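# Coordinates in review
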Amino acid sequence: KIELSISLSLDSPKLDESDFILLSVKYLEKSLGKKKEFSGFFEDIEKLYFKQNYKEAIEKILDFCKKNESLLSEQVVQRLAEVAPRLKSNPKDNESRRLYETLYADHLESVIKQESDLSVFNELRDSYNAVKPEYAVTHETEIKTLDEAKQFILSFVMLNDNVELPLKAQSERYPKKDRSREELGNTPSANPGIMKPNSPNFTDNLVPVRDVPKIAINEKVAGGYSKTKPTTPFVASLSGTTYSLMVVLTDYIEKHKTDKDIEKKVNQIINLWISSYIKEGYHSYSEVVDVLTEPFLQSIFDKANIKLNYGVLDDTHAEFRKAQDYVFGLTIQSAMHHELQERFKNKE
Amino acid sequence: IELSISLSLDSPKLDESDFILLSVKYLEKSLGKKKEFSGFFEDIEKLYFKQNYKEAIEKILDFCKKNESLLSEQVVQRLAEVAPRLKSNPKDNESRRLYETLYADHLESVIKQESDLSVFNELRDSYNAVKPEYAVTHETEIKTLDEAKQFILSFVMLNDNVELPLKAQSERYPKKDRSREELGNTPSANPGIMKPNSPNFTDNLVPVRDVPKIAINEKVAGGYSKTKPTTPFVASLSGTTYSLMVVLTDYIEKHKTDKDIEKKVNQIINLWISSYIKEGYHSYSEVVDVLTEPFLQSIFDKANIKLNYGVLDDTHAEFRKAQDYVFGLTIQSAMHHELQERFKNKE
Amino acid sequence: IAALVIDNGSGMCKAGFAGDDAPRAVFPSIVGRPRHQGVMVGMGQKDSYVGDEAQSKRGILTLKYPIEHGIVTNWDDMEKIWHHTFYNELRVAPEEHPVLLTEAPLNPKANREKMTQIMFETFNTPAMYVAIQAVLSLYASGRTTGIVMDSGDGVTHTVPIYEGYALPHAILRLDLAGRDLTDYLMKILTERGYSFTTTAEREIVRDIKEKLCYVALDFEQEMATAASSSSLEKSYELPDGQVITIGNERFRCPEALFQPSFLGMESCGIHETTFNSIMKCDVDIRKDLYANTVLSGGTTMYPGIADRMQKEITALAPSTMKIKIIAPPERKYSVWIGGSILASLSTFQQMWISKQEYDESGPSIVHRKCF
Amino acid sequence: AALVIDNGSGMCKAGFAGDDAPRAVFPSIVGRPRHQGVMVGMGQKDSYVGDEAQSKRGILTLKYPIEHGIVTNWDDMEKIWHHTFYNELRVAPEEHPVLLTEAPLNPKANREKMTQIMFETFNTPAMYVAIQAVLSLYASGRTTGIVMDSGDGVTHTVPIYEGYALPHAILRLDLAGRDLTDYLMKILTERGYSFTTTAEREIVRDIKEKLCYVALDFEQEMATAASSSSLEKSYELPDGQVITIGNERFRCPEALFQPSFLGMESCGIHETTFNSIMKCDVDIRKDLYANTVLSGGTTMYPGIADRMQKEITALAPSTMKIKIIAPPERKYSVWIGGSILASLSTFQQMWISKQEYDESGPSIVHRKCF
Amino acid sequence: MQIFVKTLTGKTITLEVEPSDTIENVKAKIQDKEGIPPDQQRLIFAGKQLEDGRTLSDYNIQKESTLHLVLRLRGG
Amino acid sequence: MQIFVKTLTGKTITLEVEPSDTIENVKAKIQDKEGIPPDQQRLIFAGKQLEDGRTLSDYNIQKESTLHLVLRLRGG
Ligand SMILES: Nc1ncnc2c1ncn2[C@@H]1O[C@H](COP(=O)(O)OP(=O)(O)OP(=O)(O)O)[C@@H](O)[C@H]1O
Ligand SMILES: Nc1ncnc2c1ncn2[C@@H]1O[C@H](COP(=O)(O)OP(=O)(O)OP(=O)(O)O)[C@@H](O)[C@H]1O
């Protein structure tokens, strides 16, 4: 039933680029079957997806199918080709991505659970307690459980707007942030992570109701992150609190320049920070990554030999599959919601 | 399931191996992937491989008791009745034969990826030194795993001269059961340890080739076939293993210093095993049990070589195909019994 | 080939087939087992009576209303309701007809799964879907976005729906419903000298309620019209033959809804609760919600519910807002009609949870397919 | 008035105490429909039990919860017990204490569940669980001996001393009447007849119970039949057909003494009796050889009594004294042993009260009712 | 006591109270019986709208006194 | 009750509050003296960002509390 279930989904008007990718590979996964003749494909597509190289995957997807059109169905393939040139992603409505990313945070956070002896965080304490502005509070208790650690890494927000500024001055990307200053107020949501409060989610992934804040896009900013990266879910446009992490991290690096295991370690703090920011709702992936990736910041790492994974992980399939079904259903529903309504406009 | 499983358990030719293969199946499907039970299966898979059927049987039955709230009683009962009277006969341990034959391919493929075939190019010389003059010298280079095999299997030439000074020290070889009768050749399309006439899967069928027929002396006390009835008998025990150890004892002395001698000696020992089971010469434990004798282990101990004996972390593939064999072979016993009892009413 | 639909309701199970615009069969969702004396003496495997025969035989049975308050309490006494439904009431074999079911708003994650389990395991339904009754109701209106005030026997929920998703943050539950009103009418009618106290007597106070009772636009004007005139009074023929006269009691009872101080509840009325839920949504979506407030349920069938609710929510809300309370005429069975609709939709054929999928993923497949 | 129940492998024999016969005997089979179309319209009838299920065999799938002696399904045995208490005997369990029978060597688990199911599901005011064979002995009048219990499913040779069924010596055989109905069918099919269907098995039970007998020396008996038509007897099948049954009359119950007829490499009922008697202290064996009571419906074949003696006088010492005691009403001997016990005044203290159930749990069974 | 209160349709509601009771109470007891809000209520006896605070006794309200009830129509 | 609020340059804006004062009031009382919009303001005491809703009473703010002031450059 995939041949039609998919075409029905393609019909959806609000199809993002993230979706075609997710849906297509599904048709291709199911129909082609698991023959390792093509397993190289799905693995790149699920890796490029994470890295937001959507167009590339799209090309590869279309041509994978061009070559294997005998095996597959032209009807889906042709459609995939008609809808593709026009696909676009609106940041404020990249719902599938917000599911992939909320869930990836957990995988990533679960990775660090096993990977870390929570040593680095008990040693980053000293660097924070030093660069802390006086108004802040020292951390003097042992960071033993990893939930204690999140609290710590998230208290680097206290250093903001004081110590963050010298490092922020050099960004050529931050000046393009689009959080509008309208203090539209907090709203409730029972949806996890970067997910939007009024958007569907699997009934298993529903955090208890909380008051998530609501933020807005200036949209008059030119070159705004949101317009440059329309492929990004927008919770606040960009983390300047990253710059505050980097104040601390620059210090850890200097203070522990010698240590052999520095690379691994810096990537437990950089990476947890990513998890927790996408988890607790503060920002998306590309809103933290795309500030740390800026050249000026990399010099700190490069000159101390730290190559950063940025949280790229070996397997993202779990979250690919789950997201595939999200779009599947969110999209077959749309179609139902249009037949339902062509049957109520066909009455009286 | 619960019908298919029970119908099968009824075959009177059930062997310990079959119960373990079949039981786990019911358990796997019924219990499903709760993963609270993930470790059970995986240990059992290892226990199976190590021919420790008894313990597995215990655990299999005892797992059920603890998780009986989730299982069909008739089955858990039949399992409970059938299991105390379960025996293995070496002449026909059919399930294990499929598992072992396929496990040779797994090991062959593992060794393939982990080996630069360097060791065989260093072991090449120890042979050329320990060879009886009768034998030819391998002076070529080994660039294919298949050429490594041709080489290793040819330590068969060292037999009967070099081999003996070590055989005399063994207390297990005196109890070999290969009957001395020269029964001869019968053809087979079945790979490895598998018996010629026995069923197979239409994908695991080798080209027709003549195979040898060997027999068990059942008048031998402490017969291997009695001491380890769980082991299928193809030739009882290997003495060509003593010839391997002649070459290996040398390579170890000739490379005591090399750091990676553990790795290397275990690509040899582990392809020896693969090739023997795969080609039909002897079963797994027929070789292993020779290399594991206290005396032979000494060479390794002194050189700090810990042998894995082929134990591989993932034997799932094989177990599965083995689970399916037993399913069908046991269910076909039943159709055939019903058919018999339908034609029993005819005539 | 038809798809059975079933409103696992609080007080009345309402079931039927897909093409139908009516629930073919409805019965009390109640199940009883003999209470005392082993009257099951000759009753072969009849230790349980479910349905219309559970109130027919009441003294003989101890009744446990499952699905009371909207969420399935006892799963063992609900399979029986489902048996009664499929085999006995609908005369169907579940194994041949797909089954849409309904779940209440806020069904715990867990309850949904056991439902998926029972159907596929106990009944071997070829396929299944579980849906929030309120979303379904809005679907009969023809709307994908709005707020439904679903009032029934034991639970009243206010479910704001945006794009088919019952927003869990807004759903508010008023555990006040029809039963409390049939019991209130008994109370108020008793103080007028009549005596309605027996459980048998509750059942004619439900007829008086449904047949005569109405919601007054202004309780105050209408309480007066009842003392200033005898027009509102109406007469009911009790089955004993006694003709009783019901007047101010006609609106008093349905008012318990808008002012539950009448039953000893400090809770907000149906009007405030609606607002308090529409105000638990983003400013952006409240607009459409006010303009699409569907009334579904049966305690919403009182005459005058709509006109008053506008009046009441236009008073708790902005003066520029387009408040529109939409009460379909068939609201008693709207949840189901919406479902009968969905089931007959073609696109829906692909939204079903097939048996194959259950086998592959287990009970939790419900979460991924039937959001 | 206490009620007694024999959880028999093939028939549930139940009734009331003080009577000498089971008021109600029915097969212990429970049926659930196969297809859902039957249930359409019926009233919560997912279960037809007893002779109703035999009747409606085709529409249902039968389960024998008490086959081979021990209760496998507790869900289904609840239904067997319901039928018995309410539908069959027309009694409310809440008002009558209940004596139940348990097979020899019933695990400690099964016994406990029975006590629970009774006091919990049936509210029985009191209960006692007791080994079937001790009871069969009790009717015979003895407290010491060995009972060859035969039945539809399981035959146990239980040695009892002073009322305690010795666990060390009890033996179990899986040869029983159902097997003998099936051997008979096969043997009568070879003679030319055609007994293969379940209806057909039904009638081969009456050509079993009615016509069959155990011969004292098979070889002479095979001869009488091949030399005379004295043995042959006629049965009128209900399809209006008459059949002639001769050698099959004794070959069938011989399966007990020579189970090889059925493939079993097992020891026959004579050797099993010896073995249990030889897995006992010598001092008590003498008394067991002279108190060999036979309980069962498969032991109701004519002639088993005398043959048994022939064979256990040849398997046992020369000077021994051997009595095989077969009461004429032995099909319902377990029960009558119970009716005897239940009705006893002294037994009015051995009951397990509800008061005590609550105090000690399902495990009071062990303390009071061994 | 057994005061009587007459609605304009002429029907009487028979209330029982003590003269130790404020009209506030009396108006409320009426509510319990008939549902009438007490702010709709205006009770007139002997020509005067009885003020709630003062007890029945202040107006010499006595046994079987027949009070009168006009329900303030407002809001409409 | 004169609290002192310290900017980053170290200067103190001595304010006079009463404990019942919601922080939201205190923020806008700062818009009085120095003009700083309240939104730009983030006020901090005891290593906590004081929240608008709760009163200063809730954070045990007493006679001299040097609450500290970070303002937000969120402009671009
Ligand atoms: N005017 C009326 N006409 C019919 N029923 C009414 C009326 N007023 C109140 N009711 C009540 O409606 C109740 C039944 O509600 P309904 O049919 O919606 O079932 P339910 O239990 O609410 O199920 P669900 O919550 O799934 O809709 C009955 O208790 C009945 O007393
Ligand atoms: N001559 C006979 N008369 C009656 N029944 C016979 C006869 N021969 C064999 N049987 C078998 O006896 C069976 C019933 O035996 P019985 O009731 O003793 O079994 P049981 O329930 O296991 O008894 P118990 O519980 O005493 O062991 C019948 O199904 C029948 O097949």
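The deposited coordinates, according to the entry record, derive from X-ray crystallography at 3.41 Å resolution.

Let's shift gears to the overall build of chain C. Each helix and strand counted, chain C has 15 helices and 17 strands in total. The C-alpha atoms of chain C give 21 Å as radius of gyration, which agrees with the globular expectation for 371 residues (21 Å, within 12%). Overall, chain C is about 70 × 60 × 35 Å in size when its C-alpha atoms are taken along their principal axes. The buried share of chain C, reckoned over its 371 residues, is 61%. Long-range contacts, defined as pairs at least 24 residues apart, comprise 66% of the intrachain contacts of chain C with a sequence gap of at least 6. A total accessible area of about 13,200 Å² is found for chain C, and carbon and sulfur atoms account for 48% of it. Side chains of chain C carry 37 positive and 46 negative charges; the gap between the two charge centres is 0 Å.

Quick look at the arrangement of the chains now. Ranking by contact count across five pairs of chains in contact places chains A and C at the top. There is a gap between chain B and chain E: no contact, and a shortest C-alpha distance of 58 Å. When C-alpha atoms are compared, chain C and chain F, though not in contact, are closest at a spacing of 19 Å.

This part is about the interface of chain A and chain C. In this assembly, 40 residues from chain A lie in contact with 31 residues from chain C. A per-residue breakdown of the area chain A buries against chain C is headed by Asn 198, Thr 203 and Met 336 of chain A, which together make up 20% of the total. Across the chain A-chain C interface, the total number found is two salt bridges. A salt bridge links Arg 368 of chain C to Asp 325 of chain A, with the nearest nitrogen and oxygen atoms 2.7 Å apart.

Residue and element names in this part refer to chain D. As recorded in UniProt, the sites labelled "binding site: ATP" (unreviewed entry) are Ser 9, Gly 10, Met 11, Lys 13, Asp 152, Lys 208, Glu 209, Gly 297 and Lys 331. In this fold, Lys 13 is placed in strand β2 (residues 11-16). Judged by relative accessible area, which is 10%, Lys 13 ranks as buried. If sequence neighbours within four positions are ignored, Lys 13 has contacts with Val 4, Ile 5, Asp 6, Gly 8, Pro 22, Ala 24, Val 25, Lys 331, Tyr 332 and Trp 335. If you trace the backbone, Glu 209 turns up in helix α7 (residues 198-209).

Moving on to a negative patch on the surface. Judged by side-chain charge, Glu 43, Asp 44, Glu 56, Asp 314 and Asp 315 of chain A come together as a negatively charged surface patch. Note that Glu 56 of chain A resides in helix α4 (residues 54-67).

The next subject is the sheet that holds strand β7 (residues 99-103) of chain C. Residues and elements named next belong to chain C. Overall, mixed pairing links the six strands, which are arranged β3-β2-β1-β7-β8-β17 in an open sheet. The open sheet is flanked by β3 (25-28) and β17 (353-354), the only strands paired with a single partner. As paired elements, strand β2 (residues 12-17) and β3 share four bridges and run antiparallel to each other. From the neighbouring strand, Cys 13 faces β3, where its bridge partner is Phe 27. Of the strands in this sheet, β1 (4-7), β7 and β8 (127-132) are in contact with helix α4 (residues 133-141), which crosses β8 at around 85°.

On the surface, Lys 29, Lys 33, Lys 34 and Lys 35 of chain B cluster together into a positively charged patch. Examined against the element boundaries, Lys 34 of chain B turns out to sit in the loop between α2 (16-31) and α3 (38-49).

On to empty space enclosed by the protein. Taken as a whole and assessed by the stated rule, the structure comprises three cavities of 30 Å³ or more. For the lining of the largest cavity, the element with the highest residue contribution is helix α15 (residues 317-339) of chain A, accounting for four residues.

Further remarks concern the interface of chain D and chain C. At the interface, 17 residues of chain D touch 20 residues of chain C. In total, about 1,700 Å² of surface goes out of reach between chain D and chain C, with carbon and sulfur atoms giving 50% of it. The largest per-residue losses of area from chain D upon contact with chain C belong to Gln 36, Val 40 and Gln 44 of chain D, which jointly make up 39% of the total buried on that side. Remark: the boundary between chain D and chain C carries seven residue pairs in polar contact. For the side of chain D that touches chain C, the secondary structure elements donating two or more residues are α1 (36-39) and α3 (74-88) of chain D.

Another point: the pattern of salt bridges. Inspection of the entire model under this criterion finds 81 salt bridges over all chains. A salt bridge links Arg 79 of chain A to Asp 11 of chain A; the shortest N-O distance between them is 3.1 Å. Of this pair, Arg 79 of chain A sits in helix α5 (residues 74-83) while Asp 11 of chain A sits in the loop between α1 (2-10) and α2 (17-32), placing them 68 residues apart in sequence. For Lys 11 of chain E, the salt bridge is made with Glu 233 of chain C, and the minimal N-O distance between the two is 3.1 Å. Residue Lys 11 of chain E is found in the loop between β1 (4-6) and β2 (12-14), and its partner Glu 233 of chain C is found in the loop between α8 (219-228) and β13 (234-237); the two belong to separate chains.

Residue and element names in this part refer to chain D. Helix length check: helix α4 (residues 108-121), at 14 residues, gives a terminal C-alpha distance of 20 Å against a target of 20 Å (1.5 Å per residue), a fit within 8%. Looking only at α4, the buried set comprises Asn 110, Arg 111, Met 114, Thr 115, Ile 117, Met 118 and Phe 119. Those residues of α4 that are buried are in contact with α3, β7 (98-102), β8 (126-131), β17 (352-353), α14 (354-360) and α15 (364-368). At the exit of α4 stands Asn 123, carrying a positive phi of roughly 50°.

Residue and element names in this part refer to chain B. Between helix α7 (residues 118-130) and helix α11 (residues 240-254), the least distance of the axes is 9 Å, while the angle of their chain directions is 115°. Between α7 and α11, the angle is such that the two are roughly perpendicular. As α7 packs across α11, the resulting crossing turns out to be right-handed. Residues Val 119, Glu 122, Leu 123, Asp 125, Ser 126, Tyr 127 and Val 130 of α7 form the contact with α11, whose participating residues are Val 246, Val 247, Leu 248, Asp 250, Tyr 251 and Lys 254. Considered class by class, the residues forming the contact of α7 with α11 number eight nonpolar, one polar and four charged.

All names here are of chain B. On the surface, a nonpolar cluster with roughly 350 Å² of combined accessible area is contributed by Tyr 134, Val 156 and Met 157. Tracing the sequence through the fold places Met 157 in the loop between α8 (145-152) and α9 (164-167). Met 157 sits in the partly exposed class, given a relative accessible area of 42%.

Time to look at the site of ligand 2. Residue and element names in this part refer to chain D. Near ligand 2 there are 21 residues, and of these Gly 8, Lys 13, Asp 152, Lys 208 and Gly 297 occur at the shortest range. Take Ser 9: an N or O atom from its main chain is 3.4 Å from an oxygen atom of ligand 2. Note that an oxygen atom of ligand 2 is positioned 2.9 Å from one of the side-chain N or O atoms of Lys 208. Surface burial for ligand 2 is 95%, taken as the share of its 650 Å² of free accessible area covered by protein chains. Among the elements that take part in the shell around ligand 2, α7 stands out by supplying three residues, more than any other. Class assignment of the residues belonging to the shell around ligand 2 gives a composition of four nonpolar, nine polar and eight charged.

Turning next to the environment of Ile 160 of chain D. Residue and element names in this part refer to chain D. Note that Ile 160 resides in strand β10 (residues 155-161). We classify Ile 160 as buried; its relative accessible area is 0%. Dropping the residues within four chain positions of it, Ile 160 is found in contact with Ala 133, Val 134, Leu 137, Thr 143, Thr 144, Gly 145, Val 147, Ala 165 and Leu 288.

Parameters at a glance
- Residues numbered from 1 in each chain as written, not as in the entry; some residues may be left out.
- Chains lettered and ligands numbered in written order.
- Heavy atoms only, no water.
- Helix = DSSP H or I, 4+ residues; strand = E, 2+ residues; numbered from the N terminus.
- Rg over C-alpha atoms; globule rule 2.2 N^0.38 Å.
- Buried < 20%, exposed > 50% of the residue type's maximum accessible area, 1.4 Å probe, protein only.
- Contact = heavy atoms within 4.5 Å.
- Areas by Shrake-Rupley, 256 points an atom, 1.4 Å probe, with all protein chains shown as cover.
- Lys, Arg positive; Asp, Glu negative; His and termini not counted.
- Charge placed at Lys NZ, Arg CZ, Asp CG, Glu CD.
- Buried area = accessible area lost by both parts, 1.4 Å probe.
- Salt bridge = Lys/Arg side-chain N within 4 Å of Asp/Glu carboxyl O.
- UniProt positions renumbered as here; feature names shortened; annotations may be inferred.
- Patch = residues over 30% accessible without salt bridge, like charges linked within 9 Å, V, L, I, M, F, W, Y side chains within 5 Å.
- Pairing = 2+ DSSP bridges.
- Axes fitted to C-alpha atoms, helices over the stretch in contact; angles between N-to-C directions.
- 1 Å grid on protein atoms, 1.4 Å probe; cavity = no way out; pocket = protein on both sides within 12 Å on 5 of 7 lines; lining within 4 Å.
- Points joined across faces, edges and corners; volume = space filled by probe spheres on them.
- Polar contact = N/O pair within 3.5 Å; in protein donor to acceptor, adjacent residues only side chain to side chain.
- Expected span 1.5 Å × (residues − 1).
- Parallel < 35°, antiparallel > 145°, perpendicular 65-115°, else oblique.
- Left-handed = near helix turned anticlockwise from the far one by under 90°.
- Nonpolar A, V, L, I, M, F, W, Y, C, P; charged D, E, K, R; others polar.
- Near = heavy atom within 4 Å.

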